[PDB]
Amino acid sequence: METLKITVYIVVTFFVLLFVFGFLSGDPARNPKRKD
Amino acid sequence: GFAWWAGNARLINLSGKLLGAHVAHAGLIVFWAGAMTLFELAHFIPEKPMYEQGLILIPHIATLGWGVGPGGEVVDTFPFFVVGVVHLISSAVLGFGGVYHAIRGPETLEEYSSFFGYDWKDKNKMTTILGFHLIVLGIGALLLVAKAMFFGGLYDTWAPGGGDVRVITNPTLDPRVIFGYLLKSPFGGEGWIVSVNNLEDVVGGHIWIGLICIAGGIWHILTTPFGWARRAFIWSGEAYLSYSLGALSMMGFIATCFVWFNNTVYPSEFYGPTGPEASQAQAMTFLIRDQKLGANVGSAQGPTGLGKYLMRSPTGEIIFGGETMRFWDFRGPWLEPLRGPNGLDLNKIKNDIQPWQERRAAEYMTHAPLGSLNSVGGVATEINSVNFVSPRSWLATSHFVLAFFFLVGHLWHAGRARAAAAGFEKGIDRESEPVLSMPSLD
Amino acid sequence: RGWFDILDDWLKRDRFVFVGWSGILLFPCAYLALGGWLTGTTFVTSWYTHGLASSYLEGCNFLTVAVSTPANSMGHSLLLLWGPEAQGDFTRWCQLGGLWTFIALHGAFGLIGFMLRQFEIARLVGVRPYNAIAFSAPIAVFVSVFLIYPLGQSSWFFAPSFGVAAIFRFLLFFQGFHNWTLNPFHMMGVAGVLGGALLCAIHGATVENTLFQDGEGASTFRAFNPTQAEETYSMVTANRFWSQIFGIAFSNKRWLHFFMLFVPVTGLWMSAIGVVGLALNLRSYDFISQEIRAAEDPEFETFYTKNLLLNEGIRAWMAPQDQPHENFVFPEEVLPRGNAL
Amino acid sequence: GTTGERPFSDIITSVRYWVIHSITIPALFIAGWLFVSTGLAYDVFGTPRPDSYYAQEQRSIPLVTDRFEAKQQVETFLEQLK
Amino acid sequence: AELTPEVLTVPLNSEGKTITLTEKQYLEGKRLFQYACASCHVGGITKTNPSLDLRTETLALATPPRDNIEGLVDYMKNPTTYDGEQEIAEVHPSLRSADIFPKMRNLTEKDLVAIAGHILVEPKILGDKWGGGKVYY
Amino acid sequence: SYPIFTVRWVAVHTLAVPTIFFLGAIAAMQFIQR
Amino acid sequence: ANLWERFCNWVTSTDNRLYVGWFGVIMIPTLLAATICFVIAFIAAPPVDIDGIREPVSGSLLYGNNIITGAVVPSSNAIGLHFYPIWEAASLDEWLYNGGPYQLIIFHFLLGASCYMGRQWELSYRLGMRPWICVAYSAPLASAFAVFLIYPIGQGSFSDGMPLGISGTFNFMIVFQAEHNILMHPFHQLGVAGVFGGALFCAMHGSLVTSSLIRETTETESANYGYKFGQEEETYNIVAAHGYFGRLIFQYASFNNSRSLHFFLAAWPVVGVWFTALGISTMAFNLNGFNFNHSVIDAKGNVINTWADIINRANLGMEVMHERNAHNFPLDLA
């Protein structure tokens, strides 16, 4: 069960970091009109 | 180019009139706080529990240690009057400045003075205004600490002998404790910051927060946002509003759970018992009645095979049986004397229940936070007779509704701020429709 | 010009409230149905038919007033004012439940009048008659619930009474006695109603968030002109959005708006059929396989068996007061009850 | 755009309109008031007054139980209160 | 039907003397019963001990009999268990325990008679509903 | 000129006249005591 | 050319058949977890002790349910609001008995649906659209939070959240009415007006546009072929639609502005469903529907029943029978 707990913690951390860093990667600029 | 129904958007770039709107609105808030307190006092009867009387502001004052003595008995109503008068008087000053700045004062402030004027897109000026308000907030948190430590203390429902006003001499400073709350699970038996159950932690948390806010205020006066923050945010008044709406929404949902579960900074003496509390108190009440009649409550097997009065929680603690099995995380000053290391202690139950505990359980069971919209107390099938809706239900429901609508407002304004910043909030340019210049999906 | 044609001319004049030939049926019947309800909910009791107060005069509020059904003893009497029950006495007619049949029957002919008006105006203006066709759904619901349903039962007593709480009681009756939530025809009605509200919301939002910038204002309503030929929003961008969000999207505006007609109208028609079955107590009450197992296996429990216990509670606890003509006397000891409650 | 009747906003801001209706509206209100305060509403519709639902030592409902004698049953019940 | 003096006539004591309340007393009694008692005794039951109700026949079998004004007024001063063997002022509102039940502090002797009269009149009006519980709602 | 009495005038008063009457009757009811 | 920026460009690409986006990075795994667990539990989960009284309720098909009766059963009342992930059970057998899957499914689902809403904002921004479709979806989303999260929080137990099943849903509705008199609560009445009105206006709008399609086809072909995707001209005559609807009622009760019309279509059901979601969310804290029980009494004090007292009799029958083995004490305080 502890192996399972660790795996999920790692998987969740990974996706959440993708989310946080993705939106920090200049998201306002990713539109089709004004990019600033 | 806004219509009348969006008319306050016409103020976005009129710093002077917008200041008046804010200050006049602030007057409305302080006016309600004063008028409502005086209304509550005019109706207050000292012989009735606060929570039979529809009071929500007097409980907040009492909780700060004003007007009450042991057990929560009201001893002096004058502090309540004072609080209401001073707020009411103060609202005329705010109303005066508000209507002056909204109607007569400079429409824009940028010309009258570079200090008070601002451009939404001026990241330095915006973080400086933020810094000032953070310092103000930090001072406000330290006022609570001042009250608790130097000016009479706070009401402590956990005080020995029924609850009392108590000066806090050793506030909790250990950051493992203070920030440990911020890391507890929000689920049952843990309760995130809602589980704070003693005034030492309450006051120490406000020392920390006061210092944190002052330090961060100084930080933001002195800095400009770093590039990574510049590129992550929208910098516009509507964007800033949307950020604050999200924060207020979050705070309102938290406040909702605080008043529903916490009986420390919302003492049940004033607010009535929590839902869990009342449910536990019912089981206590019938345990008491039945034991007095001769029942052996520890060995009484109920219809399901589980104990009728007592059973184990999933981790083994001895807890009240029946449906209140769900509420065994409840902790309250009338009940903890019966708790041993393994949970409820059968020998204390048999030997040490006191009349005041019997009274309090009976009182709380019959003042559970259930009632109709027209203030008929009890379950939905009850007949008319008792005029009662718990202050906890009033405060929980109202703040859930407000928090929900502010999240909607966050989404509304955050989406609009993004679209306006990129230039397509009024619709798609017929001659430059983005999708018409994209490849088809299939 | 013959007299008939001159009356046609007058009936069909463009005025603030169009009249038409349909108006001769619609306007008296609608006003009488509406006036009967207001009259009865303000002044008339249900004491002699139901043992209930039901008017403002008696102390009821907007939620509890009703024009209640006639007594079960009236059967399916038309309860005409001049009929054999009231014998022309207006007061007794009120006390016997005559306003119920008055409202229901005038209401029915008013509904016919209204659908005829939809036909009449559509023919005069030159449009297709789909709004009339759509309105068949409200008609089917009205006749099936207010007329067919009580006609299969013992009397008008068991029709819905015209009131907010009285309809609430009707809902609960249908749960406890008919297990109406388990009925696939009601389920199809639920899907068409909830599906319609979804379509309404999602179509309006889509249009409002795919608008073309046709003016400089921040209030986008001003940049529409009822005679412009151009579409005011982008079907193309709408289709791309929904295709990428949900997988599929509309591409055909005609199909889209026909579908919007189809979904709620069909759902209502389906629920009406189920109510026709309940007129005969032809319920979807049970699953036989479940009952056989549960009778034999006392450890077998499902949400289906749990809900039948609730129905059983509803029936025994509401019947004596809800059906006073039956003179049900249930001693305390026969009421089904769980532990403690 | 218009069918020739007089615009409502023109009517209800007019002096003559309010000369008439400052009488007719309160008059109708008072008529309806009196319809109740005199007790006439009770008698017209047959609605029990607060003292007329039950006889003094009675907790039985006067429920109509015949179709063709219903008129007489109601009358029988009312005389049990005189 | 109406609130006649016959219905407002209740036993004053165990010796058969009676007293006729006014409508004023009865309504006062009702209001005060709601103020001080209904939270536990709504409808003539007892939420914290349902085995004991406010039905007249139950009160008649209490020791001291409580189916009369005197017995009820005394009960409000000095409550006992149903067999009279133990005084229960510390867990039941009474004038003796107005320190711990503050709603009893501002009750006058006349208020006590009114409450007692309401308790005795209401079963005459409501029948089995008084004390019978949800079965009769 | 504008006509005074129209079909519209009738439809309006068919509803407004009894509405005010009923409103007065329902007002009086708030003072009925049992 | 940098790996992270190419990943960022694929995540936010408007060229993917289904848009992913940053909200999608959370939505996809959480919806797949909820969906896969749901399908497996619905088919094969063993019986669950929903009310914590060692009285397991069979919810899955292989244990004797059909599609109508089957459910994923809520987690045990013994757990209450405690977090019960798999790794907290001594075994999967234990986790299944106590209703673990319910928790996994609803938490993953609520997270995924939240991200679905954000994803709707996100693609609207990438496409240069206006942003508020996601605000329309907040009405159904709020309603799911109410029955899966807020109501359990207020009552203290996920065992009183809505079951994931057709008959389980009806059970939840009936119990709710007995304990909260939801029918007599104005926010639910507004929900009905939002949903009945939404269905009404759906049919109205569909029938008025359908009534005024411009003749572009013959009697032998579907009229739908008279519209071609992306054509610039409107396909119906809104002035004729208004000319019909304004006469059906009167002129000023009919829209001639298509923008106001479609805004109204959006706003009526969204706002109604917000209220009904707030209804459930505030009855979660036991601020219940109006109680007019015995509100009408006669000169002597006899109760004169109204239709509200009849509702009450029905509510009582629901109250006294529900969870018939679970109460030992006389008030069902949660």
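All chains are identified by letter, namely A, B, C, D, E, F and G, in their written order; residue positions are counted from 1 within each chain.
In the analysis below, contacts are C-beta pairs under 8 Å (C-beta built on N, C-alpha and C of every residue); 3 or more make two chains touch, one makes a residue touch a chain.
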Fewest hops from subunit B to subunit G - one hop per pair of touching chains: 1
Leading chain pair when contacts are tallied as C-beta pairs: C-G
Furthest chain, CA centroid comparison against subunit D: A
Central subunit by CA centre of mass proxy: G
Centroid distance [mean C-alpha coordinates] between subunit E and subunit C, Å: 49
Gap in Å, rounded to a whole number, between the CA centres of subunit B and subunit A: 31
Geometric centre distance via CA averages, subunit G-subunit C, whole Å: 22
Numbers and ranges of subunit B residues touching at least 2 other chains: 285, 303, 322, 365, 378, 381-383, 418, 422, 424-425, 427-428, 433-435, 438, 441
Numbers and ranges of subunit C residues touching at least 2 other chains: 14-17, 43, 47, 51, 57-59, 210-211, 220-221, 223, 236-237, 240, 243-244, 335, 339-340
Multi-partner residues of subunit F (each touching 2 or more other chains): 6, 8, 22, 25-26, 29, 32, 34
Complex interface listing, subunit A residues touching subunit B: 23-24, 26-29, 31-35
Residues on subunit C engaged by subunit F in the complex (per definition of touch): 15-17, 19, 31, 35, 38, 42-43, 56-57, 59
List of subunit A residues in touch with subunit G within their complex: 1-2, 4-5, 8, 11, 15-16, 18-19, 22-23, 25, 27, 30-33
Parts of subunit B lying in touch with subunit E, wherever the complex brings them together: 46-48, 73, 285, 289, 355-356, 358-359, 362, 365-367, 377-378, 381-383, 385-388
Subunit C contact footprint on subunit B (complex, rising order): 1-3, 6, 9, 303, 322, 424-430, 433-436, 438, 441
